[PDB]
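Asker: test case, fold it:
(chains A, B, C and D)
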Amino acid sequence: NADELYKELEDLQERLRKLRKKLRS
Amino acid sequence: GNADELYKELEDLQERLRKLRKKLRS
Amino acid sequence: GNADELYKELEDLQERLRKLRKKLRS
Amino acid sequence: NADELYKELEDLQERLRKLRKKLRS
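Answerer: Residues are numbered from 1 along each chain as shown, chains lettered A, B, ... in the order given. There you are, the coordinates:
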């Protein structure tokens, strides 16, 4: 469903932001 | 620099997911 | 080890996308 | 659309596999 898919995409996007923050650290 | 190049590639993937979310709403 | 830990995290994200593709077909 | 979204997800999955191959190299 569009909402389940949307939530998963946002969680993956947040994980990438967090990995990028770790690369910076 | 490998870390800088990986950081940029991950930013591109992050931005692709941001845009997919926008397309799902559109 | 940072590179090994990054490799595993990227594998998890890759697997999440593989499973999302399966859900789209289901 | 489900097919456009699917194609994008697979391209992101392939990019992650390619980044992992580079981490190994």
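
Asker: the residue of chain A found nearest chain D: neighbour count?
Answerer: Of the residues in chain A, the one nearest chain D is residue A:5, at a distance of 7.2 Å by CB to the nearest CB. Heads up, the C-betas are built off the backbone N, CA and C, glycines and all. Residues contacting residue A:5 under the criterion other CB atoms under 10 Å in any protein chain shown number 18.

Asker: who are the contact partners of it?
Answerer: Taking CB atoms under 8 Å, 6 or more residues apart in numbering or on different chains, we find residue A:5 in contact with B:24, C:20, C:23, C:24, D:5.

Asker: ok, which stretches of chain A are helices?
Answerer: Listed in chain order, the helices found in chain A under DSSP state H are A:2-24.

Asker: related to what we said a few turns ago, need the max-distance pair from the contacts of residue A:5.
Answerer: Comparing every pair within the contacts of residue A:5 by CB to CB identifies B:24 and C:23 as the most remote, at 13.8 Å.

Asker: now check stretch A:13-25, is it near chain D?
Answerer: No. Where contact is defined by CB under 8 Å from any CB of the partner chain, no part of stretch A:13-25 touches chain D; the two come within 9.8 Å at best.

Asker: ok, which residues in chain A are in contact with chain B?
Answerer: Selection of chain A residues close to chain B by CB under 8 Å from any CB yields A:2, A:5-6, A:9-10, A:12-13, A:16-17, A:19-20, A:23-24.

Asker: weed out the non-buried ones from the residues you listed.
Answerer: Neighbour counting with 16 or more other CB atoms under 10 Å in any protein chain shown marks A:5, A:9, A:12, A:13, A:16, A:19, A:20, A:23 as buried within these.

Asker: which residues touch residue A:17?
Answerer: By CB under 8 Å, 6+ apart, the contact set of residue A:17 is residue B:14.

Asker: swap in residue A:8?
Answerer: Contacts of residue A:8 (CB under 8 Å, 6+ apart): C:16, C:20.
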